[PDB]
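Asks: Shown below is the structure under consideration.
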Amino acid sequence: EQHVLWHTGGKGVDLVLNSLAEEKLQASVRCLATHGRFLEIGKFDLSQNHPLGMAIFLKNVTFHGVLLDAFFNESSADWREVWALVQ
Amino acid sequence: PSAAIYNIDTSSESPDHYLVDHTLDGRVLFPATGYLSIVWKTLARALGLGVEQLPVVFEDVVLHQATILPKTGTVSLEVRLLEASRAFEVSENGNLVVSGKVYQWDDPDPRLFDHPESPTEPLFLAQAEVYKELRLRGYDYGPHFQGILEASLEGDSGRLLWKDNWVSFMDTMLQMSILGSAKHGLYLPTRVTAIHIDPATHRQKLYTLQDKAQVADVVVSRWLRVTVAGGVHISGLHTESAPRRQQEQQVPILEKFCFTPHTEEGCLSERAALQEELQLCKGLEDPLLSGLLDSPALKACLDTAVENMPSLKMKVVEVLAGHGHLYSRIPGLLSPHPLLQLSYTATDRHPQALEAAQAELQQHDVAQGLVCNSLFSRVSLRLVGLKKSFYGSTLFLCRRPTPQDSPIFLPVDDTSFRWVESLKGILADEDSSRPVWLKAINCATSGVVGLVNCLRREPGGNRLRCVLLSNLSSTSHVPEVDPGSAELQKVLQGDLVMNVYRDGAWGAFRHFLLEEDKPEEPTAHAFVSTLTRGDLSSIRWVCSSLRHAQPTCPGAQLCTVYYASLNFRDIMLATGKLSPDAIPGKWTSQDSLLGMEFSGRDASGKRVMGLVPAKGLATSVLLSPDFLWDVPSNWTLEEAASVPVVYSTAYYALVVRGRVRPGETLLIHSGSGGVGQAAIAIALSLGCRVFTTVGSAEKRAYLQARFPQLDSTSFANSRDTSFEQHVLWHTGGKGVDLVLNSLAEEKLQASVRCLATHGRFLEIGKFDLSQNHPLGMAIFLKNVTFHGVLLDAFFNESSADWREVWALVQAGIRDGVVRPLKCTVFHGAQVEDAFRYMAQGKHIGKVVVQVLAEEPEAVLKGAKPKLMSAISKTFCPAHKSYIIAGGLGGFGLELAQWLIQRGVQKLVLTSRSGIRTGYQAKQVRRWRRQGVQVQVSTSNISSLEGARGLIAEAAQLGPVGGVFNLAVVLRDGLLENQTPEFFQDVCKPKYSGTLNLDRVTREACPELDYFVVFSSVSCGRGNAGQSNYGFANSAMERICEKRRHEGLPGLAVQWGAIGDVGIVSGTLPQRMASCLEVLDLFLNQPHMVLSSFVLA
Amino acid sequence: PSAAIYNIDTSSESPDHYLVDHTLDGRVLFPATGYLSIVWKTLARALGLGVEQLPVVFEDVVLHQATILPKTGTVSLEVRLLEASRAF
C-alpha cells in the first residue's frame, strides 16, 4: 500500500486484481484511485460475509465480484465473447 | 463491574483541569483523543498492567457525538469492552459516542515509527504565528494544548512538546495534520483507521533542548496519509467540517464623522410625513410636535456638551419631566460614548406626573422641583447653537459662563514642529489657569483636531489646551477668511473646544452621526446567496463578479439566463446541512454556490440550455461550450430548464455505467422524482420490465397517467421494505438485473437483497455512503457488480466520458426519448417562496425560477439582461494592479487576502524590510501558487522619488486601480511633558507618504477608483499617550475630505481595537472576519470618513 | 455483574436434560437456537421483564464455533451485551 501510494504520487491505481485474504483486502481497496475498479477473485473473505466500508464509493468506484464458474450453466452470450477474446 | 465509569471535572482543583483549554468554537469540547486515553486506561486495568507498559492498537475508531463540558458540573462516561469480540464502546446517557476496536499489540516493531521520506529553506513557522493562524481559522486553543513548538512552511514537518500528557500530545499531532491542509472553516475528526502506540519507543525517541525541555519530531505525509511522531502512529484520519456557532459576539458600533455647523437653519426638510402633516394641520407625543427631537441635531449638541464636560463625569437634570418625554432618549444617545459616567435626574414641578416608573428604572433617577424647545441677554447667557426648521420650532442651547484671562496664542501652523517645545513650556507650569489657543492658519491640512483631542485628556494641563482655530476651506481658493482681534472675539466669547471654519460657516466636527442599512444598485449581473447561513429569509439578490471581468476565453462563453432549476443540493446548502467545501472545485472564495442548470440565450442569441457545477442561479453564467445543448423548436425554455442534470445523471447511470440491454428487469426507487422519471423513460424506450417504488397514491396515479406502459404490478411502496417481497414474488424469486437506489439505511440492504445473478447495483445516494456504513461482501458470490455513481466528477477532468454522456443526451433529444418534466414557476422576486416550497416534499417534477420572461422571437441577438436592483458588492478587474502601503504585516496580509479573494491578480506590497517572518513567506508562496503575481518593494513612501518609482513599478504590471495606506510608526507612550520635535517628526510616514500618494495619483493615475487609508479611534475620541498619532490621523482624514471634494475617490476608516493579529480607550478587540465584513460594507458607502469599534 | 454466565448440564436430573437429543453426527452439539434463548433471557433480565412479556428482535446473527456437550462434565457460556451499541 505504501509502495504504490508513494510511486504513484498519492493517486493510486486504476484496477486491482485482488486474490489476497483479510487485512490485505482493506489495504488493496485503500490503494484505489478515483474511477477505480476493484476486481475480487478470492472466495474466503467473500464466503465469510466480512464487512466493507461504503465510504469508498464516494470516489466514484466500481466493485466487481468475478466468478468464472457461472458460465458453465447459462449465459453463453458472454462466454462467446470470452472465447473470441482468448482465440 | 465490567463498565468502567470516568468522571470529568473541569474545576480549578481537578486533575483534569487542563481540558478547559479545548475551546474549538465558543464551547469546551472533550478532545477526540481523550476517548482513546480512557479506553487505553480501561484496557490496561482489565489486563492488570500499567498504561506505560501496554503497547496498544486501535482500529476503525468512529465518533458519533460531541461531548460538551459544562463549566459548573460533571459528566460521566461509561466504557465497556468485549475482549472476545475485540471491541469497545463509550456512552454517556446510554447514548453511543465512540465505537471501534482495541487490543494489545503484543509485538511492537520500532520500524513502524521511522519517518517517511518527503517528496521534496531557512524560513520556518514559529509557535505564535502558528496559533495565530489557527485562531484565524477558528481554533481557540489554550496554553495547555499549545504544544506545537516549530512548524514548517507547508506544514509537513515540525517539533512537538512533551508534557507527560498523551491527550495533549495526540491533540497536537492532529493539529499538525490539519494545519497544512488549506480548507475554510473548522474541521473535526470523525473517523480514524488505525492508531499505534509504543511507549518504550516513545521514550527512546525523545531528546532534550538547551531550554531543558523534552520534544519530539513530527512529520505529516499526505501521499501516504500517515502522521507519525515519537511513539504514536495515526493512519487514515478523516475529518468533516462543522457549522459555525454564529455567536456574533462582535456587534460593531458604526458611525460617520461629519462637520456640523452650529447654526442649522431650515433643517428637518425633505421629509415625507411632516410635509403632508403641515398642510393637514393648516387645513384643520406627535411626530409634528417632536420633529427635531428625533433628528440627529440633538445628538450633535449632546456630543458637544460631553466634549465640553471638564471631566468624564456629567450630571444631567430634567426639568418639567411630566409633559415632555426626552428622558427616554437622552440616556440611550449617550451609550455609544465609552467611559462616560452619567447621572440623570428627572424633576417635575407636579409630583402627580411621571407615572412611567418602569421607564425611569432604566438607569435614571427621579426628583421634584441647558436645552429648551431678547430674554437670553437678561439672564446674561451665551447662545451656542440654534436649530430652526419648517416646524417653526426652535432648539436653543446656552453654555456655562466661566471667567478666565490671559489667552495664550501659539502658532501651530508650521513645519519641523518647533512649536512643540513652546507648547510644552506653556503647559509646563501647573498653576497657569489660563486658556491655551492653538492656531492653524496657512495650512488647512492640519491634524490639530486629533492633537487637541488627545492632549485634552493628558494628565496635567488637561484643561490648559482649550480650543483650536482651524480654517479648513476645502475649495480651490474659492472662499476667503482671515483671523484677527475682531474675528477672535466671536470665537473667544464662546469657550468651545472645537472651532472650525469650513468654506463660509463656523462649526465643529461630529463623530456622533449613525449609519444606515444596506445599499442597493441597479445592475445587469447578479446572483442569489444566503447572507446568514442556515436562514431562508436572508436570501437576496447580490451583485456578481461577472460585470467587471468578462474575459470570455476560448474555452468559455457568457450566456444570459432566463430560467434556473433548483436541486436538493441547493436546499442542503441554503439550510446549512451541507458545507460549501463539499462542492467539488476551486471554491476557496466564499461566494454563492446555488444552482446546477439553466436555460437561456448565448452571445449570438441562440436558444440554449446547459449544465454548470455551481452558481446556476444568476442573471448570467460563464461556462464552457461543451456543457451546452440546443433547445428544439417544439420546446419552450420553461420546461427546457428541467432536462440537463436529470437526464444526464440517468443516462450516465444506466447506459454508460450500468450498460443496460433491451429486455431486462429494473427497480427504480422513488419513481416520482426527476431521476426516477428519466430512468423510467429510458428503460421503457429500451423495452424493459420496470418496478418502481412510490411514496403515495397520487404519485402512483400521476406515474400511470404519464407512462401508459406500466401496469398495477409495477408499483410498490417506498416508505417501508415491502418492495422486497413484492419484487421477489412478481419475479419468481429471481430478482431484478439493475437497481437504481436513492434510499437510506435499512432500505439499501433490502434493495441489495433484491439483486439477481449478474446484477448491477447503482448507488446514487450520499448519506449512507458518507457515514461509511458496512456492507456484507457475501453478495458478491452472485457475480454482482456494485457501482458508485457521482456526476460531480465530470466538472473537473475526464472529459472523454462527458463527451459520451453529451452525445447520448443529444441523441435522446433528437428522438422522443427525452421528455421535459412538469415544472412549477416562481418569479425572480420570490426565490424564498420557491425554496420554502421545495423544502417540503409535496411537489411533483421540478421547481424552476423565472429570472426573465422568454421573448416570442427565436434568435434575439444582443439580449442584454434587464436591469435589476441587487445588494452592492466590491469586485476588481483582473487587468489592473493594486498597491498596499505597509501591508506586509498584521492587517495588511488579511486585507491582501481579502482583495485576492475578490478577484485581484496584481499586488504590490511595500515594507521597510523584506519578508522576515515565516507567516509572510507562507502567504506569499500560497498567493503565487494561485497564479497571482505579487511583488514586494522596498521603495519608501515619504519621498517623492520613492512614491514615483513605486507607482511606475505598479504600472509596469498593469493599470493602477487602488492604493491602500497601512504604514504606521508608533512612538507611543509619549506624554506631552516628554514629547520632542524629533519623535513627532518621525511619527509622520503616513503624512508625507499620503501627500506624495495624492500628488502622484493626481499626476499619472487616471484609472484609479480606490483610495483607502486606515485611521484610529484616537483621532476622534482621543487617547492619553497617542497625541502625535491622533495628529497624523486627523489630517490624514482632512486630505481624504479634500480629495473627495475634488471628485477623486477617497476614504478614511477609523478602526478600534483589532484582534487576531497581536483593550484601548475602553474598546474590545474586533475579530478579523467582522473587520473585513464592515470594510466591505464601508467601501460602497458615499461618505468620506467612517468609524467602527466594539463597545466594552 | 454485566456478564451473565450459564451452566449447561446434560445430567439425568438437570433441567437441561433434553439437550441430549441433539446428536447431529455422533456428537451432542448445543442447538443454534439455544444461544438465542440464553441471549433473550439475559436481555429480559437486564430489562427487568419476563421472557414471555418481551417481544424481541435479532439481527445479523453470526455463528463462529461449534460447542460440544460432554456427557460427564459442564460447560459455561458467558453472554455480554452492549445496550447503547445494541449488540451481544
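Labels used: A, B, ... for chains in the order of the C-alpha cells, numbers from 1 for residues in each chain, and numbers from 1 for ligands as shown.
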Considering only C-alpha atoms, give me a table of residues in chain B that are at most 7 Å from chain A, with the closest atom pair and distance in Å for each, as JSON lines.
Replies:
{"residue": "B:223", "atom": "CA", "partner": "A:10", "partner_atom": "CA", "distance": 4.1}
{"residue": "B:224", "atom": "CA", "partner": "A:5", "partner_atom": "CA", "distance": 6.0}
{"residue": "B:769", "atom": "CA", "partner": "A:55", "partner_atom": "CA", "distance": 4.8}
{"residue": "B:770", "atom": "CA", "partner": "A:55", "partner_atom": "CA", "distance": 5.6}
{"residue": "B:771", "atom": "CA", "partner": "A:55", "partner_atom": "CA", "distance": 6.8}
{"residue": "B:772", "atom": "CA", "partner": "A:55", "partner_atom": "CA", "distance": 4.3}
{"residue": "B:773", "atom": "CA", "partner": "A:54", "partner_atom": "CA", "distance": 5.7}
{"residue": "B:774", "atom": "CA", "partner": "A:53", "partner_atom": "CA", "distance": 4.8}
{"residue": "B:775", "atom": "CA", "partner": "A:52", "partner_atom": "CA", "distance": 4.9}
{"residue": "B:776", "atom": "CA", "partner": "A:51", "partner_atom": "CA", "distance": 4.9}
{"residue": "B:777", "atom": "CA", "partner": "A:49", "partner_atom": "CA", "distance": 5.0}
{"residue": "B:778", "atom": "CA", "partner": "A:49", "partner_atom": "CA", "distance": 4.5}
{"residue": "B:780", "atom": "CA", "partner": "A:65", "partner_atom": "CA", "distance": 4.8}
{"residue": "B:781", "atom": "CA", "partner": "A:65", "partner_atom": "CA", "distance": 6.7}
{"residue": "B:783", "atom": "CA", "partner": "A:65", "partner_atom": "CA", "distance": 5.1}
{"residue": "B:784", "atom": "CA", "partner": "A:65", "partner_atom": "CA", "distance": 5.5}
{"residue": "B:785", "atom": "CA", "partner": "A:64", "partner_atom": "CA", "distance": 4.7}
{"residue": "B:786", "atom": "CA", "partner": "A:63", "partner_atom": "CA", "distance": 4.9}
{"residue": "B:787", "atom": "CA", "partner": "A:62", "partner_atom": "CA", "distance": 4.7}
{"residue": "B:788", "atom": "CA", "partner": "A:57", "partner_atom": "CA", "distance": 4.9}
{"residue": "B:789", "atom": "CA", "partner": "A:60", "partner_atom": "CA", "distance": 5.6}
{"residue": "B:790", "atom": "CA", "partner": "A:60", "partner_atom": "CA", "distance": 5.9}
Asks: So that I have them on file, write out the residues from the current selection with C-alpha atoms, as a short mmCIF file (atom, residue, chain, number, x, y, z; two decimals), in the first residue's frame.
Replies:
data_model
loop_
_atom_site.label_atom_id
_atom_site.label_comp_id
_atom_site.auth_asym_id
_atom_site.auth_seq_id
_atom_site.Cartn_x
_atom_site.Cartn_y
_atom_site.Cartn_z
CA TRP B 223 0.75 10.83 -0.12
CA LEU B 224 0.77 8.02 2.45
CA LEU B 769 -22.02 6.40 1.72
CA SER B 770 -20.89 9.40 3.78
CA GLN B 771 -21.41 7.55 7.07
CA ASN B 772 -19.21 4.61 5.97
CA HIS B 773 -21.89 2.06 6.77
CA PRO B 774 -20.84 -1.59 6.42
CA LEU B 775 -21.76 -3.82 3.50
CA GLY B 776 -21.77 -7.61 3.59
CA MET B 777 -19.48 -8.98 0.89
CA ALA B 778 -21.29 -12.32 0.60
CA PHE B 780 -20.51 -10.77 -4.49
CA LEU B 781 -20.70 -14.58 -4.68
CA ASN B 783 -21.32 -12.42 -9.66
CA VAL B 784 -22.65 -8.95 -8.80
CA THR B 785 -21.27 -5.52 -9.67
CA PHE B 786 -21.53 -2.56 -7.27
CA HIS B 787 -21.46 0.94 -8.76
CA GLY B 788 -20.85 4.25 -7.03
CA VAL B 789 -22.25 6.91 -9.35
CA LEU B 790 -21.40 10.60 -8.95
#
Asks: As an mmCIF file with N, CA, C and O atoms, in the first residue's frame, please: the residues near residue B:57 (cut-off 9 Å, only C-alpha atoms, same-chain neighbours under 4 positions excluded).
Replies:
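The resulting out_5.cif:
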data_model
loop_
_atom_site.group_PDB
_atom_site.id
_atom_site.type_symbol
_atom_site.label_atom_id
_atom_site.label_comp_id
_atom_site.auth_asym_id
_atom_site.auth_seq_id
_atom_site.Cartn_x
_atom_site.Cartn_y
_atom_site.Cartn_z
ATOM 1 N N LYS B 101 -12.434 -0.779 17.727
ATOM 2 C CA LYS B 101 -11.722 -1.954 18.203
ATOM 3 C C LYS B 101 -10.478 -1.517 18.960
ATOM 4 O O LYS B 101 -9.936 -0.438 18.704
ATOM 5 N N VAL B 102 -10.031 -2.354 19.891
ATOM 6 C CA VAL B 102 -8.837 -2.079 20.681
ATOM 7 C C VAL B 102 -8.280 -3.403 21.186
ATOM 8 O O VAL B 102 -9.036 -4.289 21.597
ATOM 9 N N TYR B 103 -6.960 -3.544 21.141
ATOM 10 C CA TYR B 103 -6.306 -4.761 21.604
ATOM 11 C C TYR B 103 -4.830 -4.463 21.834
ATOM 12 O O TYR B 103 -4.305 -3.437 21.394
ATOM 13 N N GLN B 104 -4.163 -5.379 22.530
ATOM 14 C CA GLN B 104 -2.741 -5.255 22.809
ATOM 15 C C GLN B 104 -1.928 -5.589 21.568
ATOM 16 O O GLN B 104 -2.241 -6.535 20.840
ATOM 17 N N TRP B 105 -0.880 -4.799 21.330
ATOM 18 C CA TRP B 105 -0.021 -5.021 20.174
ATOM 19 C C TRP B 105 0.764 -6.321 20.299
ATOM 20 O O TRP B 105 0.914 -7.050 19.315
ATOM 21 N N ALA B 194 -6.492 3.546 11.994
ATOM 22 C CA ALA B 194 -5.641 2.807 12.917
ATOM 23 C C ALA B 194 -4.745 3.764 13.686
ATOM 24 O O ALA B 194 -4.311 4.784 13.142
ATOM 25 N N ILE B 195 -4.476 3.434 14.948
ATOM 26 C CA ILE B 195 -3.535 4.165 15.788
ATOM 27 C C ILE B 195 -2.648 3.145 16.485
ATOM 28 O O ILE B 195 -3.143 2.134 16.994
ATOM 29 N N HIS B 196 -1.344 3.403 16.504
ATOM 30 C CA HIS B 196 -0.383 2.546 17.187
ATOM 31 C C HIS B 196 0.386 3.369 18.209
ATOM 32 O O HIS B 196 0.822 4.485 17.909
ATOM 33 N N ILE B 197 0.549 2.822 19.411
ATOM 34 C CA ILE B 197 1.298 3.471 20.480
ATOM 35 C C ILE B 197 2.303 2.470 21.030
ATOM 36 O O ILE B 197 1.942 1.326 21.330
#
Asks: Got a sec: who's within 12 Å of stretch 35-37 of chain C, counting only C-alpha atoms, leaving out chain neighbours fewer than 3 positions off, as a list in words?
Replies: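 Counting only the stated atoms, we get residues 6, 8, 29, 30, 31, 32, 40, 41, 42, 43, 44, 51, 52, 56, 57, 58, 59, 61, 62, 63, 65, 66, 67, 77, 78, 79 and 88 of chain C.
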Asks: Show me a table, sorted first by chain and then by increasing residue number, of the residues of chain B having an atom at most 8 Å from chain C, each with its shortest atom pair and the distance in Å to one decimal, counting only C-alpha atoms and written as a Markdown table.
Replies:
| residue | atom | partner | partner_atom | distance |
| --- | --- | --- | --- | --- |
| B:1 | CA | C:1 | CA | 5.7 |
| B:2 | CA | C:2 | CA | 5.8 |
| B:3 | CA | C:2 | CA | 7.6 |
| B:80 | CA | C:82 | CA | 7.7 |
| B:82 | CA | C:80 | CA | 7.7 |
| B:89 | CA | C:85 | CA | 7.2 |
| B:91 | CA | C:84 | CA | 6.9 |
| B:94 | CA | C:84 | CA | 5.5 |
| B:95 | CA | C:84 | CA | 5.5 |
| B:96 | CA | C:84 | CA | 5.4 |
Asks: Residues within 7 Å of residue B:500, please, as a ChimeraX atom specification. Count only C-alpha atoms; anything in the same chain fewer than 5 positions from it doesn't count.
Replies: /B:469-472,506-508
Asks: Could you take the residues named above and write them with C-alpha atoms, as a short mmCIF file (atom, residue, chain, number, x, y, z; two decimals), in the first residue's frame?
Replies:
data_model
loop_
_atom_site.label_atom_id
_atom_site.label_comp_id
_atom_site.auth_asym_id
_atom_site.auth_seq_id
_atom_site.Cartn_x
_atom_site.Cartn_y
_atom_site.Cartn_z
CA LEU B 469 -8.52 77.56 15.31
CA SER B 470 -8.57 75.55 12.07
CA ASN B 471 -9.51 77.16 8.75
CA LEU B 472 -10.48 74.11 6.68
CA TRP B 506 -18.25 78.11 11.60
CA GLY B 507 -18.89 74.80 13.29
CA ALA B 508 -17.46 71.62 14.74
#
Asks: Which residues are close to stretch 483-494 of chain B, i.e. within 9 Å by only C-alpha atoms, leaving aside same-chain residues fewer than 6 positions away? Reply as a PyMOL selection string.
Replies: chain B and resi 382-384+399+401+441+469
Asks: The selected residues should be written to file as a PDB file, in the first residue's frame (atoms: C-alpha atoms).
Replies:
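Done, and the output landed in again27.pdb:
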ATOM      1  CA  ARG B 382     -24.298  82.991  25.561  1.00  0.00           C
ATOM      2  CA  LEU B 383     -26.070  81.330  22.636  1.00  0.00           C
ATOM      3  CA  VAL B 384     -24.081  78.433  21.177  1.00  0.00           C
ATOM      4  CA  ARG B 399     -23.104  77.394  27.607  1.00  0.00           C
ATOM      5  CA  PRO B 401     -20.077  81.112  31.729  1.00  0.00           C
ATOM      6  CA  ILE B 441      -3.832  79.325   9.565  1.00  0.00           C
ATOM      7  CA  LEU B 469      -8.523  77.562  15.312  1.00  0.00           C
TER       8      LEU B 469
END
Asks: For residue A:13, which residue out of A:31, A:86, A:76, A:25 is the nearest one, using only C-alpha atoms?
Replies: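 So, comparing all the options, the nearest one is A:31.
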Asks: Which distance in Å separates atom CA of residue B:335 and atom CA of residue B:459, to one decimal?
Replies: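 Separating atom CA of residue B:335 from atom CA of residue B:459 is a distance of 24.9 Å.
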Asks: Name the residues of stretch 14-50 of chain A that come out as helix (DSSP H, G or I) in a backbone DSSP run; write them as a tab-separated table (two decimals) with C-alpha atoms, in the first residue's frame.
Replies:
chain	number	residue	atom	x	y	z
A	25	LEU	CA	-8.19	-6.70	1.02
A	26	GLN	CA	-8.67	-3.50	3.02
A	27	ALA	CA	-5.13	-2.43	2.13
A	28	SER	CA	-5.85	-3.16	-1.54
A	29	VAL	CA	-9.06	-1.11	-1.52
A	44	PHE	CA	-12.69	-16.87	1.64
A	45	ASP	CA	-13.31	-13.22	2.51
A	46	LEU	CA	-16.48	-13.31	0.41
A	47	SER	CA	-17.68	-16.60	1.93
Asks: So that I can see what lies close to stretch 14-22 of chain C, please list as JSON, numbers by chain the residues with an atom at most 10 Å from it, counting only C-alpha atoms and leaving out residues fewer than 4 positions away in the same chain.
Replies: {"C": [7, 8, 9, 10, 26, 27, 28, 29, 30, 31, 34, 69, 70, 71]}
Asks: Can you check which residues of stretch 804-905 of chain B DSSP gives as strand (DSSP E) on the backbone and send them as a PyMOL selection string?
Replies: chain B and resi 823-827+846-850+868-871+881-885
Asks: Can you write out the residues you just picked, keeping N, CA and C atoms, as an mmCIF file, in the first residue's frame?
Replies:
data_model
loop_
_atom_site.group_PDB
_atom_site.id
_atom_site.type_symbol
_atom_site.label_atom_id
_atom_site.label_comp_id
_atom_site.auth_asym_id
_atom_site.auth_seq_id
_atom_site.Cartn_x
_atom_site.Cartn_y
_atom_site.Cartn_z
ATOM 1 N N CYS B 823 -43.164 21.475 -14.406
ATOM 2 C CA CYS B 823 -42.449 22.495 -13.660
ATOM 3 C C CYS B 823 -43.423 23.435 -12.968
ATOM 4 N N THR B 824 -43.009 23.923 -11.803
ATOM 5 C CA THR B 824 -43.707 24.977 -11.080
ATOM 6 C C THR B 824 -42.845 26.229 -11.144
ATOM 7 N N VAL B 825 -43.429 27.329 -11.605
ATOM 8 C CA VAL B 825 -42.686 28.544 -11.914
ATOM 9 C C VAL B 825 -42.839 29.534 -10.770
ATOM 10 N N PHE B 826 -41.711 30.030 -10.272
ATOM 11 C CA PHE B 826 -41.669 31.086 -9.274
ATOM 12 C C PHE B 826 -40.891 32.265 -9.838
ATOM 13 N N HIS B 827 -41.433 33.466 -9.663
ATOM 14 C CA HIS B 827 -40.792 34.650 -10.210
ATOM 15 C C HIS B 827 -39.470 34.927 -9.500
ATOM 16 N N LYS B 846 -40.266 19.340 -11.150
ATOM 17 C CA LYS B 846 -39.178 20.278 -10.936
ATOM 18 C C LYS B 846 -39.726 21.618 -10.468
ATOM 19 N N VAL B 847 -38.893 22.349 -9.732
ATOM 20 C CA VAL B 847 -39.177 23.720 -9.326
ATOM 21 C C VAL B 847 -38.170 24.624 -10.020
ATOM 22 N N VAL B 848 -38.668 25.609 -10.762
ATOM 23 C CA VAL B 848 -37.820 26.488 -11.552
ATOM 24 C C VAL B 848 -38.121 27.933 -11.190
ATOM 25 N N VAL B 849 -37.136 28.798 -11.415
ATOM 26 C CA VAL B 849 -37.242 30.223 -11.126
ATOM 27 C C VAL B 849 -37.145 30.982 -12.440
ATOM 28 N N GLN B 850 -38.137 31.828 -12.707
ATOM 29 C CA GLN B 850 -38.177 32.620 -13.934
ATOM 30 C C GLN B 850 -37.358 33.885 -13.714
ATOM 31 N N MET B 868 -31.696 45.089 -12.771
ATOM 32 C CA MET B 868 -32.262 44.556 -11.542
ATOM 33 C C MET B 868 -31.499 45.127 -10.358
ATOM 34 N N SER B 869 -32.234 45.511 -9.319
ATOM 35 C CA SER B 869 -31.638 46.060 -8.111
ATOM 36 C C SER B 869 -31.129 44.928 -7.230
ATOM 37 N N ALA B 870 -29.860 45.011 -6.841
ATOM 38 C CA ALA B 870 -29.235 43.992 -6.014
ATOM 39 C C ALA B 870 -28.342 44.662 -4.980
ATOM 40 N N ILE B 871 -27.991 43.898 -3.951
ATOM 41 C CA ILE B 871 -27.108 44.386 -2.899
ATOM 42 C C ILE B 871 -25.733 44.651 -3.494
ATOM 43 N N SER B 881 -3.828 46.706 -11.308
ATOM 44 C CA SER B 881 -2.855 46.498 -10.248
ATOM 45 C C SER B 881 -3.233 47.333 -9.033
ATOM 46 N N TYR B 882 -2.920 46.808 -7.852
ATOM 47 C CA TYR B 882 -3.275 47.448 -6.594
ATOM 48 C C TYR B 882 -2.052 47.516 -5.691
ATOM 49 N N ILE B 883 -1.949 48.605 -4.933
ATOM 50 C CA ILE B 883 -0.797 48.881 -4.084
ATOM 51 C C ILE B 883 -1.261 48.932 -2.637
ATOM 52 N N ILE B 884 -0.573 48.194 -1.770
ATOM 53 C CA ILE B 884 -0.823 48.219 -0.334
ATOM 54 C C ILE B 884 0.435 48.744 0.342
ATOM 55 N N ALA B 885 0.316 49.888 1.010
ATOM 56 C CA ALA B 885 1.447 50.514 1.684
ATOM 57 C C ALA B 885 1.566 49.949 3.093
#
Asks: One number please: atom CA of residue B:567 to atom CA of residue B:526, in Å, one decimal.
Replies: 19.6 Å
Asks: Skipping near chain neighbours, those fewer than 6 positions away, what residues fall within 9 Å of residue B:269 using only C-alpha atoms, listed as number ranges by chain?
Replies: B: 275, 389-390
